[PDB]
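Beneath this line is the structure, given in structure tokens, with notes to follow.
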Amino acid sequence: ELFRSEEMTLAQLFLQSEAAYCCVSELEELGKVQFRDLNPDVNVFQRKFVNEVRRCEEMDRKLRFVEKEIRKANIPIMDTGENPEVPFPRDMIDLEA
Amino acid sequence: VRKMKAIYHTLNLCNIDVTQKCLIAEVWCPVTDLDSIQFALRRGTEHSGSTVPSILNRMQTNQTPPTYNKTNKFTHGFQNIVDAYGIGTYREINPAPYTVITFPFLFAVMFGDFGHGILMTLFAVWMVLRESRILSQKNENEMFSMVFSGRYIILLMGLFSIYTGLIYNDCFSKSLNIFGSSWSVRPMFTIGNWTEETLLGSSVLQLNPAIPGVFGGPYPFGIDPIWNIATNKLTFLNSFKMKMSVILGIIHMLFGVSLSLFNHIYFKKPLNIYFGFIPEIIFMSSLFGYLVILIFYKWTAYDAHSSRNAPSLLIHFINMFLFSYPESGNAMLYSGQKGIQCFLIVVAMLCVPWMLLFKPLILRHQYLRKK
Amino acid sequence: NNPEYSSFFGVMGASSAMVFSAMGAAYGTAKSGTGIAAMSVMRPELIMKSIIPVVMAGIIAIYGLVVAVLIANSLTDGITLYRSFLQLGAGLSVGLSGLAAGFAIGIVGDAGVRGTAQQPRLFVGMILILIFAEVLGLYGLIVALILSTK
Amino acid sequence: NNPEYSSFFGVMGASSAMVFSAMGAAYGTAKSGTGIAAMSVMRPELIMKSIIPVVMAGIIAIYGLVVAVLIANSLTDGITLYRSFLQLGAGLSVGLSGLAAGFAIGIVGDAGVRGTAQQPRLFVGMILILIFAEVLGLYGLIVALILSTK
Amino acid sequence: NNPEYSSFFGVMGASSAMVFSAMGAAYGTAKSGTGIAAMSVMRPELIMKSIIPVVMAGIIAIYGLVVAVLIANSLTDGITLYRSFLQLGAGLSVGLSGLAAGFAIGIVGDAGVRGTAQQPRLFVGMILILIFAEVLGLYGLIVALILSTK
Amino acid sequence: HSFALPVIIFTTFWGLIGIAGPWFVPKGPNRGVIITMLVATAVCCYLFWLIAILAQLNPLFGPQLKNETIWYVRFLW
Amino acid sequence: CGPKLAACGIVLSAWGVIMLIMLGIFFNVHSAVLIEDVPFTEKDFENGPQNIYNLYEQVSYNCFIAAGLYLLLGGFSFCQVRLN
Amino acid sequence: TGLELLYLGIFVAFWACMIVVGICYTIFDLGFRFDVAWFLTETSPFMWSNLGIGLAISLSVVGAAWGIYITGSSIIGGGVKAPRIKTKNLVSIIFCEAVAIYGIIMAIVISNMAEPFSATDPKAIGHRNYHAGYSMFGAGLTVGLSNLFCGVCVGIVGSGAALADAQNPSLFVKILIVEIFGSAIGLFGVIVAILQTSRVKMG
């Protein structure tokens, strides 16, 4: 009850890799959890998903590039609706293409 | 892309040892929403070719968790201004719900104008009424972002500032004509006695001493309208706002030590109650109680026909705290008051060693015994 | 009867209460406002939070105002000279103590703000030290209330 | 009845209201107008926004003028020595509070404008801090209005 | 009868007790508060221990408050000139001694805080150094209590 | 007649707000906050007004008035 | 004009009318607190309250007229805020 | 440093005495001493007059001296690398001499209005004689100090013109306008000093 600081719970879990992406995404869609950092050694080449994030970093630069061209051209970005994440399957490669 | 980047960045906080098949992960969740995250895990597996529900164990060998509070429109700004000084300890009593009233209250007690109360109310109302529009707009005007993000806190304090401003009977040093008055019309001074002063008034300033028969009797509203126009008004208004602010301060400090007890109860700490709260509240209460008591006693025991040679409140409080009354000058207010003055101070002085040293000493013995 | 010059010392009471307090609050605001301006350069986030010393220095002007008004509204032609010396004593007891407090708020506000730029944890420490600066105006107010009503 | 020399103090009030607020507003304009010039070379856009310290420095001289005129209209060939001291008090209490406010407007204006040139987010903080400086003139004006009308 | 000016030295006593103690506490707070702020970057954990010089500076203003209040409580229009000189002596005795104690607390605090961050062992020493500063406010008080009660 | 009746009116008004108000609050996460709001409002607002009226009782001195006002208080009330 | 001036004129219109009508009322009830606002003279103490009552009417009209200018500012600004 | 701390030390010690003395003569009921009426009567009108005359010259000459050396030392310095400087920029010195000339014009006038009294009691001396003394003082002080400032100004801006002309020949003709505005200050210090003197007569 809000007259005091809320009761939390620390928990440990066995996240199956093929579920992991989906689970993280659903948890971020819920927005009611804080992950612990379990990698004190985390760095640009020490991070377990270097490539996956680096692809996102570049795809974001590609988005920014095409967006700047569109905004210079003043072509209307439609900005309609709201959307889910990509599948865990490798469909991000078709998006990168 | 942005979601995907974030997802993989969160996955990068997980661990995978060299043999490791699954991903080990850890979270803080609200105890109330342990089920909600387990549902999200099961659904996350069900959105995948996996069958493994990825279920958690509750941890016991725990460091102190991060502190969370749920918030909404009428409460978020109040939590933010509390968090801005510091984040409460886990399970600690939260200032924010008490703050939802008391911050607006202290603001309005200071900001005591009826018309400014209206203008503040109108300003915040126009932000709340336009809210659904404004939420779509630019944020790069930081002043506009701040005042809009404060809209609920600002409205509340504005409303309370009407309330305080009304009781102070003042907008822009103007009264409201809603109240009656205890002030006396010129005919009441013409009663043979003092009738000459009504003629002197054609040429010179004069003071009403509030004497019986002439005075318009004890007043039932807030501040009497007359002090807005009166030349000596600041003396009267100050006696109020000084004594009032002192009283409110004592009250708020007595609430804070009372909250300390309940916080120490929730943490189950006998030492903090016994060596902290008890001697502390006795110290505070013995010093503070007499002051407030004597302020109320002056307001009841003295009046116009006893006003000359009435004692100073502040002098008796100082001479209590310093034992320094010279048996002379200002009159004592009630029978045995000297004994009470001595007693309450000595009782507060007796609290100090419990706070200062006896806790450290019993703690030293406990640590020497716990071997 | 009562000496003709008597109200001069009561006036200097009211004047000193406002004047030296405005010098104190001006120093406080000048030094801390400089520290805020220099700190803002690489800290857009801290600019609002850092106003603490500036507004607190303003309090010393108000303690000066309180005593100055309290004296000024208590003046009269007939003033007993003793009451005028009480009013000088009051007007200096706040006024110069507010000058002292304003010095402390100016130096502390400047340093505290710059240190908070370097290390955001200092924000609490800055508030606490500024309280031990600001209370010097308040003690000057207490004495000046006691004197101006003795 | 009243000393012929009596009006001398009340004249020093009218004078000192204007004199020390002119010094305050001059320093406030001098210090901040040095900063505006130095800034404008890098940020030609900020000139019109950066004038505000100078405008508030002007306002301090207006508080001087207000009391100076209020006293100079109140003076007379036989003024009661009490009212002559009350007027000296009003003059010093706006005048030197104006000086203090002008010092604060000066320092805050210079620092604030240069800081704004390096960080446009400072502008909001600078205006707030400048009001906390400029109001010291207004607090001096309050006491001076009280004393001159008491 | 007692001369009507006799209260002047009494109220200057109360003023000097307050004012010079607030000046000492302000300087002791300003230097140590600069020390804390400049230290915080390298040793953020030391802020809460480092307040002690600031607290002891605050205490010096409390010594001045106490004596200024005791003096004020003892004033009357009819005061015998002897007692008013005692009150001046008490006022200066605490007030300037607290100025001295405050000067020491300022210098010791700034050196003591900056030293402690480079070497924690200094703390045990600098608290004792600060005691040997703060006791000057206590001696000034003791003399002022004696004098103001003869 | 006594001032005690106005006191008891304000006392009762805030007492209902600080007791019966809570006893009409709905069920949901905001309940503790709303109860605290009602209670703390009644407590502080009762005390603020109570102290203001208590200081207004038994006035030790009346108004000082300007020459002009001392004439107009013949007619304007 | 622009939207900024129209938004200013809306807020000024609202607060100006609200306050000036309250003053117009307080003047028309001849309330004792208001004396310092009235531009009376030494002759206005002759005969009785009729002279001061006429001034309370004139000054009440000043506020109603000024509130009328704030109503005109209102109507103009409620057009301009939509037009700009 | 040293002499500024000595001038400040004397200045603070003086005003620290004067605050205390002014308080003492008020609170001890001694307003029958501090008789400024005595100071302004028994101090001879000839003293106020002759300080006025002496300062009317000497302060004008002090302002013209700084006038000369501030512009002159720049004329010389630029003149090494730009010999053209040593004639055209001399007009700034001529305006510094003109500030001294304004001194001597005014001080000869005031001097040639002084005459002996043949009386020594303030009643017999009388208002005309006192008003001559005080007027000749204030006039002589006003031309003296106004020329002091004017001469320093024209000096400063004469170095102005000279150091600029050393780098571009055309600038001097346009910069010369500021020297005219500087020089007007000394002339204002004459016009008012004439008016302050214009109605006096001793006897």
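We're sticking with Swiss-Prot numbering for chain D, so the shown stretch reads 6-155, in order.
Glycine residues also receive a Cβ, built from the backbone N, Cα and C atoms like all the rest.
These come from Swiss-Prot:
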type     : residues  : note
SITE     : D:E139    : site 'Essential for proton translocation'
TOPO_DOM : D:34-55   : topological domain 'Cytoplasmic'
TOPO_DOM : D:77-92   : topological domain 'Lumenal'
TOPO_DOM : D:115-131 : topological domain 'Cytoplasmic'
TRANSMEM : D:11-33   : transmembrane segment
TRANSMEM : D:56-76   : transmembrane segment
TRANSMEM : D:93-114  : transmembrane segment
TRANSMEM : D:132-152 : transmembrane segment
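Using a Cβ-Cβ cut-off under 8 Å and counting only residues 6 or more beyond its ends in the same chain, the transmembrane segment (D:11-33) has close neighbours at 58-59, 61-66, 68-73, 76-77, 79-86, 88-90, 92-97, 99-101, 103-108, 110-111, 114, 142, 149, 153. For D:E139 (site 'Essential for proton translocation'), the same-chain residues 6+ apart in sequence whose C-beta sits under 8 angstroms from its C-beta are D:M61, D:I64, D:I65, D:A106, D:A109, D:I110. Through the fold, the topological domain 'Cytoplasmic' (D:34-55) approaches residues 62-63, 110-112, 114-119, 121-122, 125, 128 of its own chain, all at least 6 residues removed from its boundaries and within a Cβ separation under 8 Å. Tertiary proximity for the topological domain 'Lumenal' (D:77-92) is limited to same-chain residues at least six positions away from its ends with a CB under 8 Å from its CB atoms, namely 6-8, 11-16, 18-19, 152-153, 155. Remote same-chain residues near the topological domain 'Cytoplasmic' (D:115-131) are listed as 36-37, 39-41, 43-44, 47-48, 51, 54-55, 57-58 (criterion: CB distance under 8 Å, separation of at least six residues from the stretch ends).
Under DSSP, residues within the topological domain 'Lumenal' (D:77-92) fall into helix, strand and coil as 10 helix, 0 strand, 6 coil.
Counting residue by residue with DSSP, the topological domain 'Cytoplasmic' (D:115-131) contains 14 helix, 0 strand, 3 coil. Per DSSP, the topological domain 'Cytoplasmic' (D:34-55) is made up of 19 helix, 0 strand, 3 coil.
According to DSSP, D:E139 (site 'Essential for proton translocation') sits within a helical segment.
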